[PDB]
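The same protein chain appears twice below, in two forms, each given on its own as structure tokens and labelled structure 1 and structure 2.
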Structure 1
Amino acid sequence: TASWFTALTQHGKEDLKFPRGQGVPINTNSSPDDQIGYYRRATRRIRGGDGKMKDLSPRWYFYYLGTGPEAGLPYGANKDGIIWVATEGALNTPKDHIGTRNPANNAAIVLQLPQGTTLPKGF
């Protein structure tokens, strides 16, 4: 269970969020009804240089609605580390026909957004 897309890295202090209508990654292999889902924060820890564990910059992976680690959440559900995005005209239906990616036979799609998308500080 992998995201179809590469991650957004949060270098700043602000959690990811998008104005309504923005934030769905571009995917030419999906249609207007599909453009809806969530980002999920994935945090990694590493052995620091001084020996103590430390956090790396959080990553945010996009998943289509009804897929991925929170495949059961309905759109808009409040849950820490989960933020919601939807393009105008998407259908609030699970996207099982898109699903998630098997790295064995599909590279990640480099995450792109249409120009002029409003990113928070640090993304």
Structure 2
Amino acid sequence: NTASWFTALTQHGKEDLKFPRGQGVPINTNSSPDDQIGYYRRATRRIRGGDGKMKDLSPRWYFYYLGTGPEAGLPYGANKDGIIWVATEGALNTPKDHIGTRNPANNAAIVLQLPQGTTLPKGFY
């Protein structure tokens, strides 16, 4: 049994998730910078709307490290609907077999947290 290591991102508009270049990989203290690369995969639930007609809810997006999860066979950057690639500077373009996916029986999801940059590069950058 398999799951994203992280909780989902809720998309609030109509547009797909977008991330600044070099951002989008969830924070994870005990992670190597070689590993900071993967994809978000969209999931959409449907329920009845206020008019009784089936409708889509806000899509949720789940992160998977590169080479793991439902699209473990996709190479980084491959175009596919419902898939958003993200990578941090210095990440290695290699499958993250050792990280794999989360077994929900043994671990709860890690709260997905993104980095917070400055509006423009400043300070040392």
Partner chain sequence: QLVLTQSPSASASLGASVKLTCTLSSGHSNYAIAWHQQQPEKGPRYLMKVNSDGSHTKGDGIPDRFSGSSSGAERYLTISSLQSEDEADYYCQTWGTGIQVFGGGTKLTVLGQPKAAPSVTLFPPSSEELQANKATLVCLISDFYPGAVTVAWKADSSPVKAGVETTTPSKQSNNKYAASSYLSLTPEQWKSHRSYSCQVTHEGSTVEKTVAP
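Rigid core (definition): largest C-alpha set, two forms, superposition within 1.5 Å. Residue 1 is the first residue of structure 1, and the numbers go on in sequence order from there. Only residues modelled in both forms are compared.
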| property | result |
| --- | --- |
| Selected structure - criterion: the form solved without the partner chain | 1 |
| Core-aligned C-alpha movement of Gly51 between structures 1 and 2, 2 Å or more | yes |
| Angstrom shift of the Cα atom of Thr118 between structures 1 and 2 (superposition on rigid core) | 8.4 |
| Rigid core fit between structures 1 and 2: Cα deviation of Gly72 in angstrom | 0.2 |
| Rigid core superposed, the C-alpha shift at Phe18 between structures 1 and 2 in Å | 1.3 |
| Shifted regions of at least three residues between structures 1 and 2, judged by C-alpha displacement of 2 Å or more after core alignment | 47-52, 116-123 |
